[PDB]
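If you count by the deposited numbering, then the sequence shown holds residues 15 to 104, 128 to 230, one letter each, in order.
Here the structure is laid out as structure tokens; the discussion comes afterwards.
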Amino acid sequence: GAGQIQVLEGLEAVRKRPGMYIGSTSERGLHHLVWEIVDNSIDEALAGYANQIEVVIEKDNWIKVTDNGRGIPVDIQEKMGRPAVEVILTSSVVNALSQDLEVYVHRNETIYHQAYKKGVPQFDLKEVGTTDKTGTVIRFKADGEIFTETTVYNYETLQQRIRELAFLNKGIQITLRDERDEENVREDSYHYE
Ligand SMILES: CCCn1c(=O)ccc2c(-c3cnc(-c4cccnc4)s3)n[nH]c21
Ligand SMILES: [Cl-]
Ligand SMILES: [Mg+2]
Ligand SMILES: [Mg+2]
Ligand SMILES: [Mg+2]
Ligand SMILES: [Mg+2]
């Protein structure tokens, strides 16, 4: 009850003053979206679980981030009455500032999916398949109502920071791929010691 209401208010707050939360709604804040998600994958690597992160720029400037960590948990979270992944993602600034966001969790030999719009879940978390892997996939589309100047990512910007993050976080393989033009796909992959 109260907990879920807290959530909605939090989404409203973020969408009303997005620059207070991500610095700006310029091109810089657009790329900050990617940094927020990649930092979560880095934390799961530092915790000992993940070692591979992939960032894909998809057609129409969707971003897909994939890690091979444990998978965000799906167990019903005691204070919300809702799956843990739903709590974590409805408290995410990226989700609030995305027109659409999808999660796929590989965990417990199961693939779970949920989708969101401006942070609001579109359906309850569902089992959609099976798996013998663990990890988490998040795909999002930046909200052009927030990012009013541009929602087009800059590969070089992405590449320079990804390269830095792999250099700083030795052992994690981090891959960037641009699939926006299916006729000319570019990938860079970084892996320091
Ligand atoms: C591309 C997805 C990036 N990403 C996020 O944006 C947010 C959370 C996480 C996690 C986990 C958090 N907590 C875990 C957890 C904790 C305890 C037990 N099992 C998993 S996994 N992994 N990746 C993430
Ligand atoms: Cl779980
Ligand atoms: Mg954060
Ligand atoms: Mg974080
Ligand atoms: Mg953290
Ligand atoms: Mg079903």
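Think of the CB as a built atom: it goes at the ideal place given N, C-alpha and C, for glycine as much as any other residue.
- Each residue's CA atom was taken as its position, placing residue 33 and residue 136 some 17 Å apart.
- Of all C-beta pairs linking the segment 165-176 to the segment 21-33, fewer than three are shorter than 8 Å, placing the two stretches out of contact.
- Counting along the chain, residue 210 sits inside the beta strand (DSSP E) bounded by residues 210-215.
- Ligand 4 has no heavy atom closer than 6 Å to the beta-carbon of residue 81.
- Burial is judged here by how many other beta carbons sit within 10 angstroms of a residue's own beta carbon; residue 90 has fewer than 16 and is exposed.
- Residue side-chain check: residue 57 places its Cβ nearer than 6 Å to a non-hydrogen atom of ligand 5.
- In the three-state reduction of the DSSP assignment, residue 169 falls in the coil class, being assigned neither a helical nor a strand state.
- Beta-bridge partners of residue 101 (DSSP): none assigned.
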